[PDB]
Amino acid sequence: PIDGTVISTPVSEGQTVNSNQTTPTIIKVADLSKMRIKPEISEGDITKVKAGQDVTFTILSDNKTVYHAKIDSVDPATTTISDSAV
Amino acid sequence: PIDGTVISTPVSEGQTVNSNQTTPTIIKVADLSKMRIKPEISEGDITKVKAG
Amino acid sequence: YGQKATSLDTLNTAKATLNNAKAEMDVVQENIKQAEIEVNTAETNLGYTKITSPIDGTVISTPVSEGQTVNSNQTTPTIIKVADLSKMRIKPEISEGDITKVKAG
Amino acid sequence: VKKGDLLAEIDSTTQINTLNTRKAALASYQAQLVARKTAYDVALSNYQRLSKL
């Protein structure tokens with residue numbers, strides 16, 4: 001369906017499949033020219049967190065890279081609805 | 001089915017589905033102009049808790 | 001019919017009742033086909049007479065029992081597991097903070 | 001993998017055999033058209049005249 005690049009491949013060339021009942025995923029292809037990070041953002045901060053907000057972040061593999069991005073928009077539903085401790 | 005707004009979207013534009021066996025939910029659309037909170041209310045208070 | 005009489009009503013028999021003969025034979029061609037076809041597919045649903053081993057590498061599992069019923073319509077019963085043991089490949093788990101660094105070759 | 005690209009393949013056999021099937025069907029239905037039309041020609045030029053007379 002897309003080009004982005006290849007990210008999984010659960011299949012075996014030589015392998016029987018059974019798609020009548022549930023749909024066998026075969027290759028997983030998503031877009032790696034952009035990416036998108038999903039900030040978990042707890043139930044008491046959200047009254048405050050708004051869309052387009054001078055964010056910053058850092059890779060758990062960087063001693064200072066410090067990324068200068070921006071919040072882009074809001075979900076209306078928890079991280080368990082969208083796509084206890086909440 | 002309704003307007004309320006959109007609250008989930010478990011699908012992928014490009015994705016095979018298999019609705020014969022169990023029904024694939026595709027988008028989740030519920031009403032965000034009102035809301036309703038559900039007070040858990042324990043087995044010993046309920047003889048008391050009344051409506052309105 | 002060039003011999004003056006033989007009323008057209010009996011030439012027309014012959015015309016249309018030639019084409020009906022011819023065409024009723026075509027139908028039986030396409031039927032000959034469909035039968036040859038559905039018979040080859042009826043031996044190609046008879047591919048399954050060794051369950052041939054896709055590769056040689058060697059044998060690594062065998063979950064089956066000679067004498068055992070199977071039910072492949074719903075989900076596909078794996079029967080033997082055959083993978084290649086002349087090479088091998090090791091999969092280094094490699095944690096989320098080293099990967100900015102780990103490169104290929 | 002550029003959009004719409006070469007990835008997989010299965011046993012297309014059963015499915016092409018039945019494609020060939022369904023194109024034989026047709027391939028005879030047109031051959032019915034042949035006769036089930038000339039029969040009407042023989043019975044259009046029979047009638048269009050016999051009625052005039």
# chains A, B, ... in the order shown; residues from 1 in each chain; ligands from 1
call {"tool": "closest_atom_pairs", "arguments": {"of": "chain B", "to": "chain A", "cutoff": "10 Å", "atoms": "only C-alpha atoms", "output": "CSV"}}
result
residue,atom,partner,partner_atom,distance
B:5,CA,A:76,CA,8.7
B:6,CA,A:76,CA,7.7
B:7,CA,A:77,CA,5.6
B:8,CA,A:82,CA,4.4
B:9,CA,A:83,CA,5.6
B:10,CA,A:83,CA,5.0
B:11,CA,A:83,CA,8.3
B:13,CA,A:1,CA,9.0
B:14,CA,A:1,CA,6.1
B:15,CA,A:1,CA,8.7
B:16,CA,A:23,CA,6.7
B:17,CA,A:23,CA,6.4
B:18,CA,A:22,CA,5.7
B:19,CA,A:22,CA,8.5
B:20,CA,A:21,CA,7.6
B:21,CA,A:21,CA,6.4
B:22,CA,A:22,CA,8.8
B:27,CA,A:83,CA,9.6
B:28,CA,A:81,CA,8.9
B:32,CA,A:76,CA,8.7
call {"tool": "closest_atom_pairs", "arguments": {"of": "chain D", "to": "chain A", "cutoff": "8 Å", "atoms": "only C-alpha atoms", "output": "CSV"}}
result
residue,atom,partner,partner_atom,distance
D:1,CA,A:3,CA,4.3
D:2,CA,A:3,CA,4.0
D:3,CA,A:2,CA,4.4
D:4,CA,A:1,CA,5.7
D:5,CA,A:1,CA,8.0
call {"tool": "select_by_dssp", "arguments": {"residues": "chain A", "states": "strand (DSSP E or B)", "output": "number ranges by chain"}}
result
A: 8, 28, 57, 67
call {"tool": "write_last_selection", "arguments": {"atoms": "N, CA and C atoms", "output": "compact mmCIF listing (two decimals), in the first residue's frame"}}
result
# COMPACT_ATOMS: atom_id res chain seq x y z
N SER A 8 8.09 -4.95 9.56
CA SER A 8 7.86 -6.28 10.08
C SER A 8 7.73 -7.16 8.87
N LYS A 28 4.35 -5.62 7.13
CA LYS A 28 3.87 -4.42 7.81
C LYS A 28 4.60 -3.22 7.23
N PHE A 57 11.82 17.88 23.49
CA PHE A 57 11.98 16.49 23.96
C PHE A 57 13.41 16.00 23.84
N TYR A 67 15.40 18.06 21.19
CA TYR A 67 14.61 18.36 19.99
C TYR A 67 13.60 19.50 20.15
call {"tool": "residues_around", "arguments": {"residues": "region 32-40 of chain D", "least_positions_apart": "4", "cutoff": "6 Å", "atoms": "only C-alpha atoms", "output": "compact mmCIF listing (two decimals) with N, CA, C and O atoms, in the first residue's frame"}}
result
# COMPACT_ATOMS: atom_id res chain seq x y z
N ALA C 16 -30.86 -21.47 -40.32
CA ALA C 16 -30.89 -21.30 -38.86
C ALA C 16 -30.68 -22.61 -38.12
O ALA C 16 -30.21 -22.62 -36.99
N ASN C 19 -26.88 -23.18 -38.11
CA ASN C 19 -26.27 -22.41 -37.03
C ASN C 19 -26.63 -22.96 -35.67
O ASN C 19 -25.80 -22.97 -34.79
N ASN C 20 -27.85 -23.44 -35.49
CA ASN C 20 -28.16 -24.06 -34.21
C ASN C 20 -27.35 -25.34 -33.99
O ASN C 20 -26.90 -25.61 -32.89
N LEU D 44 -37.78 -13.35 -38.89
CA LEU D 44 -38.12 -11.94 -39.04
C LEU D 44 -38.53 -11.75 -40.48
O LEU D 44 -39.49 -11.04 -40.77
call {"tool": "residues_around", "arguments": {"residues": "region 49-64 of chain C", "least_positions_apart": "2", "cutoff": "8 Å", "atoms": "only C-alpha atoms", "output": "ChimeraX atom specification"}}
result
/A:14 /C:46-47,66,68,78-86
call {"tool": "write_last_selection", "arguments": {"atoms": "N, CA and C atoms", "output": "mmCIF file, in the first residue's frame"}}
result
data_model
loop_
_atom_site.group_PDB
_atom_site.id
_atom_site.type_symbol
_atom_site.label_atom_id
_atom_site.label_comp_id
_atom_site.auth_asym_id
_atom_site.auth_seq_id
_atom_site.Cartn_x
_atom_site.Cartn_y
_atom_site.Cartn_z
ATOM 1 N N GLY A 14 6.762 -20.194 1.826
ATOM 2 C CA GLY A 14 6.565 -21.647 1.831
ATOM 3 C C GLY A 14 5.439 -22.077 2.775
ATOM 4 N N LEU C 46 -5.409 -32.303 -5.105
ATOM 5 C CA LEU C 46 -4.743 -33.535 -4.730
ATOM 6 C C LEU C 46 -3.246 -33.335 -4.853
ATOM 7 N N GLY C 47 -2.790 -32.115 -4.562
ATOM 8 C CA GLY C 47 -1.376 -31.846 -4.411
ATOM 9 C C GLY C 47 -0.943 -32.495 -3.115
ATOM 10 N N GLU C 66 1.265 -39.522 13.512
ATOM 11 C CA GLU C 66 0.778 -40.449 12.499
ATOM 12 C C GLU C 66 -0.384 -41.285 13.078
ATOM 13 N N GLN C 68 -3.501 -39.216 13.544
ATOM 14 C CA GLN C 68 -4.168 -38.069 14.159
ATOM 15 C C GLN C 68 -5.025 -37.222 13.210
ATOM 16 N N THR C 78 0.118 -26.432 11.615
ATOM 17 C CA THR C 78 1.491 -26.728 11.260
ATOM 18 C C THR C 78 1.736 -28.201 11.595
ATOM 19 N N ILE C 79 2.464 -28.892 10.708
ATOM 20 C CA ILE C 79 2.697 -30.351 10.777
ATOM 21 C C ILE C 79 4.185 -30.727 10.999
ATOM 22 N N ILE C 80 5.072 -30.313 10.112
ATOM 23 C CA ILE C 80 6.484 -30.420 10.442
ATOM 24 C C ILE C 80 7.123 -29.025 10.344
ATOM 25 N N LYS C 81 8.211 -28.766 11.063
ATOM 26 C CA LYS C 81 8.853 -27.452 11.016
ATOM 27 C C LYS C 81 10.235 -27.618 10.406
ATOM 28 N N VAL C 82 10.458 -27.132 9.187
ATOM 29 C CA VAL C 82 11.748 -27.372 8.558
ATOM 30 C C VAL C 82 12.479 -26.124 8.157
ATOM 31 N N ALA C 83 13.561 -25.851 8.920
ATOM 32 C CA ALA C 83 14.488 -24.708 8.746
ATOM 33 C C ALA C 83 15.977 -25.119 8.595
ATOM 34 N N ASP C 84 16.790 -24.166 8.120
ATOM 35 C CA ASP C 84 18.116 -24.397 7.498
ATOM 36 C C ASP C 84 19.292 -24.298 8.462
ATOM 37 N N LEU C 85 19.894 -25.444 8.819
ATOM 38 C CA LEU C 85 20.929 -25.495 9.876
ATOM 39 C C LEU C 85 22.402 -25.542 9.408
ATOM 40 N N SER C 86 22.647 -25.230 8.123
ATOM 41 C CA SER C 86 24.010 -25.120 7.539
ATOM 42 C C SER C 86 24.642 -23.736 7.767
#
call {"tool": "decode", "arguments": {"residues": "region 37-53 of chain D", "atoms": "N, CA and C atoms", "output": "short mmCIF file (atom, residue, chain, number, x, y, z; two decimals), in the first residue's frame"}}
result
data_model
loop_
_atom_site.label_atom_id
_atom_site.label_comp_id
_atom_site.auth_asym_id
_atom_site.auth_seq_id
_atom_site.Cartn_x
_atom_site.Cartn_y
_atom_site.Cartn_z
N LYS D 37 -29.81 -15.76 -32.64
CA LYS D 37 -30.04 -14.59 -33.50
C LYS D 37 -30.41 -14.96 -34.93
N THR D 38 -29.66 -15.85 -35.59
CA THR D 38 -30.08 -16.22 -36.96
C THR D 38 -31.47 -16.88 -37.01
N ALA D 39 -31.82 -17.65 -35.98
CA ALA D 39 -33.19 -18.17 -35.82
C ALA D 39 -34.20 -17.03 -35.89
N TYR D 40 -33.89 -15.91 -35.25
CA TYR D 40 -34.72 -14.71 -35.37
C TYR D 40 -34.64 -14.04 -36.74
N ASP D 41 -33.53 -14.20 -37.45
CA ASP D 41 -33.45 -13.64 -38.79
C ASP D 41 -34.40 -14.41 -39.73
N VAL D 42 -34.33 -15.74 -39.68
CA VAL D 42 -35.21 -16.65 -40.42
C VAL D 42 -36.70 -16.45 -40.09
N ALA D 43 -36.95 -15.90 -38.91
CA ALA D 43 -38.30 -15.68 -38.41
C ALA D 43 -38.61 -14.19 -38.29
N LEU D 44 -37.78 -13.35 -38.89
CA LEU D 44 -38.12 -11.94 -39.04
C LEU D 44 -38.53 -11.75 -40.48
N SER D 45 -37.78 -12.40 -41.38
CA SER D 45 -37.97 -12.30 -42.83
C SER D 45 -39.05 -13.27 -43.34
N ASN D 46 -39.38 -14.24 -42.50
CA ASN D 46 -40.55 -15.06 -42.70
C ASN D 46 -41.82 -14.25 -42.40
N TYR D 47 -41.85 -13.64 -41.21
CA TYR D 47 -42.99 -12.86 -40.72
C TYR D 47 -43.22 -11.53 -41.41
N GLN D 48 -42.17 -10.71 -41.54
CA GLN D 48 -42.33 -9.38 -42.11
C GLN D 48 -42.98 -9.47 -43.50
N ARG D 49 -42.72 -10.58 -44.20
CA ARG D 49 -43.37 -10.88 -45.48
C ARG D 49 -44.77 -11.50 -45.32
N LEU D 50 -44.87 -12.70 -44.76
CA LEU D 50 -46.17 -13.32 -44.51
C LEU D 50 -47.26 -12.37 -43.96
N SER D 51 -46.86 -11.36 -43.20
CA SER D 51 -47.82 -10.38 -42.67
C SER D 51 -48.26 -9.36 -43.72
N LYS D 52 -47.29 -8.88 -44.50
CA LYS D 52 -47.57 -8.02 -45.65
C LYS D 52 -48.55 -8.70 -46.62
N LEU D 53 -48.39 -10.02 -46.78
CA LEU D 53 -49.29 -10.83 -47.63
C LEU D 53 -50.50 -11.45 -46.92
#
